[PDB]
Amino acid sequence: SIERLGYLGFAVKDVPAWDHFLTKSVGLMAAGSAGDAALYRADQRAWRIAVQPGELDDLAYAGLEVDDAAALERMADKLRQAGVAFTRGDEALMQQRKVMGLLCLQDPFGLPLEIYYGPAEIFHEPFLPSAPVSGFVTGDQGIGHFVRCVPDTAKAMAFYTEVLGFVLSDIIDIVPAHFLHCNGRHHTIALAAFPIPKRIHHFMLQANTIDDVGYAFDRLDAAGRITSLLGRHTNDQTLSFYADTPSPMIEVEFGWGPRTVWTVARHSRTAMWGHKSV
């Protein structure tokens, strides 16, 4: 029943660094702020990534989107029937997130998830990137995807698939990482039992052309943030590179051209070619 990943919020120590990193390096558009948070756009939505101060330096929340008010109610029922605790968002939160309905819960292991419907769009104020990027691929596939580090894969799997309704695409023995989808995007969430002290390992934005990626690589390289050379994944075939975010241990992946989802298969390497570690 979850349709797609629509937005992400980070609680970071260096907001100045995050702002600069998101605009000048990644190419997102600054969209003001909501509360203590600075907002950034990637398309027509009023915002896609929120950055706020915090000693946490990690992903503070994930917005999971559904198509209408009724579907939101159906998620309410599903969560209750599955016995998962949740809370309705109040007027304050709803207008801070610019959504029309909002259920708040958390995955086991502690990641705050927000299920919403009716987001705000601003077409009269067309998106203008802060760095040279022709555009991002969002739409029905949502904002991108992230790799959630969890202590127990089977427990995380059951929740994401059984209650949230994600479906497995395939596995890669990196620790077997499990990739799940909830729309055409090969994966919106990947679950892996990595020994890092973080909620996620990385998030990924998909650009329209290979040049977008090439240009971004140079921008991030000049900043000294590259951690992975250009490459292409085995399972979704995304062509990308990885770079360090201003928050230690969390990284970004800028990619292009992934295939869309189907049959579960198993891969032994994450890279088809490339992706050499730097």
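One-based numbering along the sequence shown.
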**Missing from the model but present in the deposited sequence, between residue 261 and residue 262** = 1 to 3
**Prompt:** What number of deposited residues lacks coordinates in the span between residue 131 and residue 132: none, 1 to 3, 4 to 9, or 10 or more?
**Reply:** none
**Fill in**
Entry B factor averaged over C-alpha atoms, 58 to 66 against 25 to 33: higher for 25 to 33
**Asked** Taking the recorded C-alpha temperature factors, which stretch has the higher mean, 265 to 273 or 10 to 18?
**Response** 10 to 18
**Message:** By the CA temperature factor listed in this entry, which of these ranks top: 122, 84, 104, 191?
**Reply:** 84
**Message:** Checking the record values for 138, 96, 208, 169, which has the greatest CA B factor?
**Reply:** 96
**Request:** Tell me, lowest, middle or highest third: where does the Cα B factor of residue 50 rank within its chain?
**Result:** middle
**Within-chain third of residue 228 by Cα B-factor, per the entry** = highest
**Fill in**
Quick tally, chain-level thirds of C-alpha B-factors: residue 195 sits in the highest
**Prompt:** Mind checking which third residue 109 falls in for C-alpha B-factor across the chain?
**Reply:** middle
**Complete:** Chain-relative C-alpha B factor for residue 249 (record values, thirds): the highest
